Every structure is written in structure tokens, then in C-alpha cells.
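First the structure, in the form of C-alpha cells, and then the observations on it.
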């Protein structure tokens, strides 16, 4: 089957087992609606996994986008993952409203220790500045800059200060545990 390392389908998680690490009766609902989630995971080694993050959110157009980045990431490759940046010359999405990126992440054991989960992080969005097109920006009914907070915080009574949970998946991406 594979002709080297890091090409093995056998370290890939069942997608049915990649799911929210927590649930809440109330999440933060500031800023445009979004759906932010992990859709796939692959075990690298130890507590390190490669994952696919999927982002969908009400947006302006690519031309209006100044910067779009994941920050606060607990990762062996560092805490920032820019997917678009006019300043830093990163051009890795086609549409701010719907995109995916891959992240290499550290994990911790979940409350069910058949699973692991990633650590909290933020997605920062910046529109309409610093060289971006201003076309449509006056009509935008939301702030030009904002953060989505991702995490399973220490809730009381099911009330979270985060917009969305972090995700969990089976330890080692095993199908059976």
C-alpha cells in the first residue's frame, strides 16, 4: 500500500467520529452567523494530529478581505495560521464565506478518553482596510473587524462564552475503542 510515511489512509479518523467536544444551551451569537468545525483528522504521532478545519460565515467578497487568520493555536508549527493576508502575502482561499484549511494541532485527552480534542483558538476577520476594496463596505451591517472564539470553556449550566466548540475525535484515529 503506501511508498513512505504520512500517506497512510489507516491513520485517518472515521469522519462520523469527528464531532463537537461539547454542547451548550447558549453560545455567543455576536458577529455574523458562522459554522466552524473540524471535518477530518489524521494521527501523526503522539498527541499531534493533522486536521481539516471548515469555515462558513456571512461575509463580504474576497476583494474586501484584509486578513483572515487562526490565532492562539496550540500547534507544533506555531500559534498563527493565516489563510488570507494582504500584508503578509498569504492567498490561500477563494472565498471568505466558505473555505477549508489544514492545521497541525496538539491534542489532549477528552472526558471520554477514547477521544482526544484540540485546544481553544480564535479566528480573526478584518475587512475593508489596508488595501482591500471598499466596494460594498458602507452597506455591511456588521463590524469591519471581529473574532470568533472557539472552545469548550468551563461552563455553568450550559452557557458558553465561545461561538463554537472545539472538536474531538478518536485517539490514534482508531475506528474501534
Checklist entry - Which one of 14, 32, 96 has the biggest mean-square fluctuation once the chain is modelled by GNM with Cα springs under 10 Å? => result 32
Next on the checklist: Under the 0.36 nm per residue contour assumption, what length would be gained going from the current alpha-carbon distance of residue 144 and residue 58 to full extension?
Outcome noted: 29.7 nm
Item to check | Gaussian network model of the chain, Cα within-10 Å springs - most flexible of 51, 116, 159 | outcome: 159
Checklist outcome for this item: One can check that the equivalent ellipsoid of the chain, built from the alpha-carbon gyration tensor with semi-axes equal to the square roots of five times its eigenvalues, has lengths in Å, largest first, of 30, 21, 12
Checklist entry - GNM on the chain, C-alpha springs below 10 Å: top fluctuator among 47, 25, 95? => result 25
Next on the checklist: Give me Rg/Rg_expected for segment 128-177, where Rg uses Cα atoms only and Rg_expected = 2.2 N^0.38 Å with N residues.
Outcome noted: 1.93
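Coordinate-derived values only; no laboratory data.
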